[PDB]
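These notes are about the structure you will find just below.
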Amino acid sequence: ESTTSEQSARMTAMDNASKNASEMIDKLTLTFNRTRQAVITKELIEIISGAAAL
Amino acid sequence: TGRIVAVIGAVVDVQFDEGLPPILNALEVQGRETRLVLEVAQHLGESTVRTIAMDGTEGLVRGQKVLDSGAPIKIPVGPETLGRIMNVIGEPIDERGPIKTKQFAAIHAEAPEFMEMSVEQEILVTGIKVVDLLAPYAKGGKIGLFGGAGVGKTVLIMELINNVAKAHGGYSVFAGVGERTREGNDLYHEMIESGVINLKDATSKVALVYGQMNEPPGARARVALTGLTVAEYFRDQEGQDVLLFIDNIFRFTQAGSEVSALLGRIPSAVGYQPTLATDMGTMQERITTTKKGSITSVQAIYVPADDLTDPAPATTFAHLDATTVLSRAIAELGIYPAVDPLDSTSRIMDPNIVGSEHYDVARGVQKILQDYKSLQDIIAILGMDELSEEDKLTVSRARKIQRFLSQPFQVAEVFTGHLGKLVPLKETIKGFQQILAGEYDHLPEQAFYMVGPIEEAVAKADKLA
Amino acid sequence: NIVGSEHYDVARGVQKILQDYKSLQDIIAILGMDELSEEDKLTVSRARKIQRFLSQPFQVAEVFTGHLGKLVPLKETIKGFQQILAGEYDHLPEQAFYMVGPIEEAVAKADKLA
Amino acid sequence: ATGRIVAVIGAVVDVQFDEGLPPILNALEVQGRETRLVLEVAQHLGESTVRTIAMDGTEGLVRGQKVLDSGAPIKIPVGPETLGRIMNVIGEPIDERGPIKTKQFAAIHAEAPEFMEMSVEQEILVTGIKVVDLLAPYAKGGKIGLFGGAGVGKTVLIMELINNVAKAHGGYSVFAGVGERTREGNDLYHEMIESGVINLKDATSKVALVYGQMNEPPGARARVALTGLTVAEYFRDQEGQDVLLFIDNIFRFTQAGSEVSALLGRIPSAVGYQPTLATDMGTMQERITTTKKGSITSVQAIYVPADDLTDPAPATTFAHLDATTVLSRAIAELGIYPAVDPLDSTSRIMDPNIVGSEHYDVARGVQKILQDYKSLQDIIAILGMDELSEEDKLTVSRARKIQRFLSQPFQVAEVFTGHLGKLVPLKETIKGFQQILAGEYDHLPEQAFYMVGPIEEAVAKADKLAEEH
Amino acid sequence: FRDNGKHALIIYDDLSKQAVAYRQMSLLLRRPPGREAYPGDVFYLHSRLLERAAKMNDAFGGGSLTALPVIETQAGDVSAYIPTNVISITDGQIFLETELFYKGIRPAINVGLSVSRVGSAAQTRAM
Ligand SMILES: Nc1ncnc2c1ncn2[C@@H]1O[C@H](COP(=O)(O)OP(=O)(O)O)[C@@H](O)[C@H]1O
Ligand SMILES: [Mg+2]
């Protein structure tokens, strides 16, 4: 009985550790995409300001 | 006349004397072999205009002679343009003789006024069971076609041409915006072998506009305007219900942000042009339902770097009214067309637009197709027989529904041997209203695979055994 | 020197139990609560009451929630963070520590949810 | 032909001539100073106005100082007499021992040899370091690169190859130091007198030295590396000997040209470098070659800015290097020294037709068990070490002994460690690693291989730890 | 209407597409961009417009003017440049969730993040 009680709780506790790791994986995908656009925007201004002052 | 003063890349500057032409005109260089059309974009002062070229610029000497048309780029338009291939300036590029017609039209034309718009939504019926039931098409709206190669996209293009010319009587224009030459040749010969274009008589159903990929960046941005002038002839002069295909819309945006950077302008956010919201405005507002007829547009959408909030697929998304997505995971299941029923949305899906009969039928189909999506995981991991008897019918019915969405097309009669079926609207709503209630559940699964209406389903259960 | 040797020692114990809780949030979010130690189910169970004891009902926000504005003296916000860091109140829930004044109203709230 | 100074902004001086315009890349002598100040022409601007870069400082310059012209670029003195001397960018001696008296003067600006003047033969040059000779062997007459961040050991590892290689070598040797600390050019002048390589009493020295350090104006940290490989071109061409060449650092050749750039009138490229970045780099790196008149071994240290090998200055030197030795801070913070990354170092002669089929299947046998050790760490973070099977509890314990066996106690790092300097030969490095892989040392703990020489000392160190229980 | 004793109501729809139109005229005049390539005076654009919506006293007629601007966010981003320049002006918020609009709750009003500060004292005592 104890090896069935244990092997079913390994099924549930490894299931909520993949829901919480996929809930966390979308929130870092939005922050990765805001920051990816913000670096192309930032280093574009430095080239324009470098050429305008020249 | 004028003279060329400066040649820098694909940007030519022209000096005039008396007749300074306004913006959006079209000049023509004298002394060269092929036509080289320049488009005026800025008045630089002291009688000097700033022009963007439309072909190769080399061989141009400072101080040549340049005429003026006095009007924008004017293309051959008419009903005898069906079945031909033209570039952005109206020239034919298939060596079948010059196109001869009565009148011409200009590509830079204003939007319809406010008192000419339609005051009501109206569904366009195309015959396909999965399109006209779950993600229906508004008349005049813009449609986004998700999916690429290897999914069966170029058949769905060739079949919506055929059905509108049968049930509605309206032709179509195809506009290839910066498309490959190798893939813009196969679509020529795939349409020949399916009947929608014809080299022998005047029963063609499309006109091809191909601005290919190796052309200067000014010539890849005006192709979606040349291919909209032709579509405005069959509404303003004859009153048809036209379709319009653009492939794709990202190469219209990206070709805009290379003219606005060759002209010396400060870029906006991530690299685009400052005018990203008006170039999408002064094109897609001419695609509308006036009082004479309509123009409906199906556009392919490519999302860069899988970012749904990038400004190129975010400007476009405010114009669309319905999206259909071609999933490859339904193409390995055997279903054709490979349109996903759960991940397609429509804006006109509404009880105050399409009525309550269409609504509560198409609402229950997407709910039952979710329960099979949630119960397919317990069966794969745990097993089959543990679930209830009330759930065994939902497993059986949802395999009847997702095979009743298949339909044999008229464009594929030679290959797969079946008969092409065009289903009207009142059969598709009547069919799925009975599958949900358990009315035709005792028949097996393969009676529903690749049929027309619900009448031909029970005529196929008799032939089994 | 300036604020004393008793104010300075309770104020540094609060920043110690709230930093160790901040280093376990990457594990509690994945492997849950049942994977910690037994002594580390006490840093979590005590930092989740000091966090709620840094809440206070303001006086100008009476028209927001309708609660009374409370003011505490400086000598009584030293006594409130000693009877939590020592372990005197390990028989009360966290929500009894929520939006009160001094430490005496925390035990006058836990008798309600009995 | 005299000329006047019309503008001074920073390190960029404008000079207007009247009748004779000197060409680009020349030398102009500023009359009026007590020191010697040389200007190098860089651009033309029209109406007889050039724009120069200054080799020394520009304080005390006034508009109107008459400037002479040389008619030739910076001609340094060169010959056999320059051995054992420190010299400046323009050829002045700064060792304070007198004038360098020789007969040959040579400009620092010259062409690259053609395609039918290249050599094609490959060899192997043995060093004695266990990580280098096993997984990424160096070569005679081949360009070698030492990557890595700041503070991982690029100056010590380039101090090790002067210790092993330069005294057993027949021909001469040249050390050019470009843009590094002026302290460390004194710990080389005092670690090469007490080893007898530099001799201050007669004519038997074997090392020349060229130094432009990080206190110089930025027009002088970009012409010192061209002065190093001008002396080292005399020995290869006018004589026939086998030359070495050590350069540290070479990132300070690119950076010192990214500072004078915006005043010369150039729009910046990507993250801040000049638009002509990959052209003047490729104009210097095509003179450090092995021709049909000699051979130049060359070791170079390459600073990688803030641990990012995708920066445009280190990620364009990769096309000019045969053997890359990528150092890493993630290994050095374990205690494994020298921190060389095994899964990021390559060579062009890792080839079973050149190093034999026995060395080749040992090198790839080490990288395969280290890379398979990487994918196993992702499981231990959730499961644990003990819940693994007994079959992959062994490939971890074989990998951890291979990580620790690569670390070797260096000789010039005695004052850091106190340990002694080991030098394992090539035939012993292969035979040490066959036996850990095959399983002939599964009865020892991991600590018996840390900082040892050959495999013989790995078991002598194993018993000495046992008795203190 | 406000100055002549009447009450008005105005719905701007939307103030997001105004600020992408002021961005275009600024960069076409070669002005230095800032965050998200916006000009430096975007805060002057929306504050000098939404400061007019006020209620006069009884000595000035007693009229009013209510405003209700609309801002569109990209995937729930209430921490961007433009949706924080307008939160720091208006006297409250109303939040519309795109993941309660899909679950069938309509109108999908986030009751947790919707606040109205000054307008709580002016409602019916029956309500
Ligand atoms: N043989 C060695 N192995 C590992 N680390 C070393 C060795 N020699 C020096 N180091 C470490 O490298 C650091 C930097 O040394 P050095 O090579 O002079 O600097 P850099 O590589 O930045 O020029 C020192 O702090 C020292 O601890
Ligand atoms: Mg160093």
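Hey, fewest Cβ within 10 Å first, where do E:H46, B:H442 land in order?
B:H442, E:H46
Over chain B, what is the relative contact order in whole percent, taking alpha-carbon pairs under 8 Å and six or more residues apart?
The normalised contact order for chain B reaches 15 percent.
Evaluate the Debye formula for chain B with equal point scatterers sitting on the alpha carbons, no solvent, and hand back log10 of I(q)/I(0) at q = 0.08, 0.10, 0.12 Å⁻¹, in q order, two decimals.
Log10 I(q)/I(0), no solvent term: -0.55, -0.81, -1.08.
Kirkwood Rh, Cα Rg: Rg to Rh for the protein assembly as shown?
Rg/Rh: 1.02.
What would the Debye equation give as log₁₀ I(q)/I(0) for the range B:158-288 at q = 0.22 Å⁻¹, counting only Cα atoms as equal point scatterers?
Taken in order of the listed q values, log10 I(q)/I(0) reads -1.31.
For a quick check: sort D:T35, D:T346 by the number of other beta carbons within 10 angstrom, fewest at the front.
Sorted ascending by nearby Cβ count, the order is D:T35, D:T346.
How big is the charge dipole of chain B about its Cα centre, in debye rounded to the nearest 20, if each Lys and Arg gets +1 on its Cβ and each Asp and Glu gets -1 on its Cβ?
800 debye
So which of D:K140/D:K167; B:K205/B:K400; C:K41/C:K70; B:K139/B:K166; A:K27/B:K392; B:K205/B:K463 end up more than 27 Å apart, counting from Cα to Cα?
Listed pairs above 27 Å: B:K205/B:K400; C:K41/C:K70; A:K27/B:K392; B:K205/B:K463.
Looking at the range B:189-249, what % of the alpha carbon pairs are farther apart than 16 Å?
Everything past 16 Å amounts to 57 percent.
Kirkwood hydrodynamic radius, computed over distinct alpha-carbon pairs, for the range B:319-387: how many Å, to one decimal?
Computed over Cα pairs of the range B:319-387, the Kirkwood hydrodynamic radius comes out at 14.4 Å.
Going highest first, how would you order A:44-53, C:67-76, B:174-183, E:26-35 by mean Cβ packing within 10 Å?
Final packing ranking: B:174-183, E:26-35, A:44-53, C:67-76.
Per residue, how much space in cubic angstrom lies within the convex hull of the C-alpha atoms of the range D:1-73?
In the range D:1-73, the Cα convex hull volume per residue is 79 Å³.
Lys/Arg Cβ at +1, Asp/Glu Cβ at -1, dipole of the range B:349-465 taken about the Cα centre: which of B:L393, B:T428, B:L443 is farthest positive-ward?
Highest projection toward the positive end goes to B:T428.
Counting only other chains, what is the mean number of Cβ atoms within 10 angstrom of the Cβ of each residue in peptide E:18-24?
Mean inter-chain Cβ contacts per residue within 10 Å come to 3.
On C-alpha positions alone, give me the angle between the axis of helix C:40-53 and the longest principal axis of chain C, in degrees, nearest 10.
Here the helix axis deviates by roughly 20 degrees.
Quick one: angle between helix D:394-405 and the longest Cα principal axis of chain D, in degrees between 0 and 90, rounded to 10, please.
So the helix axis and the longest Cα principal axis differ by about 40 degrees.
Okay, which of the range E:38-76 sit inside 16 Å, backbone N to the point 7 Å along the Cα-Cβ direction of C:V63?
Correct set: E:55.
Could you grab the Rg to Rh ratio for the range E:1-88? Cα atoms only, Kirkwood for Rh.
Across the range E:1-88, the Cα-based Rg/Rh ratio is 1.08.
Report the label-to-label distance for C:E6 and D:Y360 in nanometres (one decimal), using points 7 Å from each Cα along the Cα→Cβ vector.
8.1 nm
For the range B:73-348, what does the equivalent ellipsoid look like in terms of its semi-axes, each the square root of 5 times an eigenvalue of the Cα gyration tensor, given largest first in whole Å?
Gyration-tensor ellipsoid for the range B:73-348: 25, 25, 20 Å.
Can you grab the distance from the C-alpha centre of the range B:277-315 to the C-alpha centre of the range B:57-91, Å, no decimals?
26 Å
Taking 0.36 nm per intervening residue step and subtracting the Cα-Cα distance, what contour gain separates D:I267 from D:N163 on full extension?
33.0 nm
At 222 nm, what value in deg cm²/dmol follows for the protein assembly as shown if DSSP H runs of at least 4 each add -39500 (n - 2.57) and the sum is divided by all its residues, to the nearest 500?
-8000 deg cm²/dmol
Averaged over its residues, how many other protein chain Cβ atoms are within 10 Å of peptide A:15-24's Cβ atoms?
What the average comes to for A:15-24 is 2.
Counting other C-beta atoms within 10 Å, which of C:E6, B:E238 has the fewest, and how do the rest follow?
Placing the least packed residue first, the sequence is C:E6, B:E238.
Relative to the longest principal axis of the C-alpha atoms of chain B, give the angle of the C-alpha long axis of helix B:183-192, reported between 0 and 90° and rounded to the nearest 10°.
The helix B:183-192 is inclined about 60 degrees to chain B.
Taking the Cα centroid of the range E:1-30 and of the range B:364-424, what is the distance between the two, rounded to the nearest whole Å?
51 Å
Run the numbers on the range D:1-73 and let me know its relative contact order in percent, using alpha-carbon pairs under 8 Å that are six or more apart.
40 percent
Going by average Cβ neighbours within 10 Å, how do the peptides D:301-307, D:259-265 rank, with the highest at the top?
D:301-307, D:259-265
Show me E:81-91, D:141-151, C:13-23 ranked by packing, highest mean number of other Cβ atoms within 10 Å first.
Going by the mean number of other Cβ atoms within 10 Å, highest first, we get D:141-151, E:81-91, C:13-23.
For the range D:350-466, compute the orientation-averaged projected area of the C-alpha convex hull (one quarter of its surface), in nm².
Hull-based average projected area comes out at 9.1 nm².
Just so you know, all these numbers are worked out from the coordinates, no wet-lab data involved. In this analysis, Cβ positions are derived from the backbone assuming ideal geometry, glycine residues included, and neighbour counts consider all displayed protein chains.
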